[PDB]
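Next up: just one chain, as structure tokens, the form solved without the ligand.
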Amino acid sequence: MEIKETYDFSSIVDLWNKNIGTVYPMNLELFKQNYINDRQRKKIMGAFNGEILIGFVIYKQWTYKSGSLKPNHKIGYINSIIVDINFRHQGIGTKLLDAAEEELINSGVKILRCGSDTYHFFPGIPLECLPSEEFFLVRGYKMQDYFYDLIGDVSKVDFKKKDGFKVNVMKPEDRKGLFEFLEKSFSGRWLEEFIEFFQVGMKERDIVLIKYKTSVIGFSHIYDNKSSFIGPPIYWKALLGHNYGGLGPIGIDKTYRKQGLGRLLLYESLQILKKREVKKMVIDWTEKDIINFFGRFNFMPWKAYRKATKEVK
């Protein structure tokens, strides 16, 4: 059994699907999009029996800026790790994770996270992967709070509907105002996302803006089967059926919160998706305390993910 670098994305995707594809169905397009475009220092280590892939870990160090933020080099990530089911409990996972942790630690990482990376597949350890929590815990990762992907069917329910506030799809002329808003209200990871996604296929039609007069005060990113950029809400579209969609992120300026404007933006974003003939759709990577906000629109927790962090000693 050899441990060595690999970039055979087809072999990886095949193994992923054989092992967890029922719940995290992976296509090669998504895998490539996410891996090739990520700007962090990144590596894939594979476990091999001769030329046959029997497991892999993907891992990253935070070395690229996030909007107005400079990289914190102390932070590393396990994007994913999977050993094939017929090769479990032989030490391969341990060897893979050791290789990745050693490399990260040698490069200055002091805090290791399970998912939550740029171009993540996972916000945290999936509930479907709950048995792996024992493997991580033994290896010094602390199990923290939960995040949730929510699911709803916008075709299924009708909802009932403020001076100077308007919500419309983005037009190309809005670009400048969108970026000023982000620089001001969401200047980290959501800003970085907007910058990078526009360089790899996101259209203005996927963005809804709420304005007060001329000024942008919040946004959503929405998804359907015509979107070219494949974002987290539609990662798992194989489970969502036909005319699938998604929504996230969504944010309002802190100054304008708690007066129903989030609710208006959400309502109008959904109506737009509804008129695009969307049915089943996902809202990604929510905290518990915000579920009810989307739940008023009949969204329910679908998938859960457990945050998990190892402090290097």
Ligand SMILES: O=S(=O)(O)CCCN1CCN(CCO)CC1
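Sequential numbering from 1, following the sequence displayed.
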Which class fits the unmodelled deposited stretch between residue 89 and residue 90: none, 1 to 3, 4 to 9, or 10 or more? none
When the C-alpha temperature factors are averaged for each of 162-170 and 218-226, which stretch ends up with the higher value in the entry? 162-170
Which is higher on average in the deposited entry, the C-alpha temperature factors of 233-241 or of 74-82? 233-241
Options 128, 134, 149, 153 - largest CA temperature factor per the record: 153
Which one of 94, 199, 187, 116 shows the biggest C-alpha B-factor in the PDB entry? 199
Ranked C-alpha temperature factor of residue 122 among modelled chain residues, by third: lowest
Quick check on the deposited entry: does the C-alpha B-factor of residue 60 sit in the lowest, middle or highest third of its chain? lowest
Rank-wise, by C-alpha B-factor, drop residue 44 into the lowest, middle or highest third of its chain. middle
Going by the entry, which third of its chain does the Cα temperature factor of residue 269 land in? middle
Looking at the temperature factor on the CA atom of residue 286, which third of the chain's modelled residues does it land in? lowest
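There is another form of this protein, the form solved in complex with the ligand, and it is not shown here; the text below is about that form.
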Can you tell me which of 99-107, 198-206, 169-177, 183-191 lies within 4.5 Å of the ligand in the deposited complex, counting heavy atoms only? 183-191
Would you please decide whether residue 285 lies within 4.5 angstroms of the ligand in the deposited complex, comparing each non-hydrogen atom pair? yes
Flag residue 212 as yes or no: does it have a non-hydrogen atom within 4.5 angstroms of any non-hydrogen atom of the ligand in the deposited complex? no
With a 4.5 Å heavy atom cut-off, would you call residue 229 a contact of the ligand in the deposited complex? no
Residue 165 versus the ligand, in the deposited complex: is there a non-hydrogen atom within 4.5 Å? no
Quick one: name the residues from 123-162 with any non-hydrogen atom within 4.5 angstroms of the ligand in the deposited complex. 147
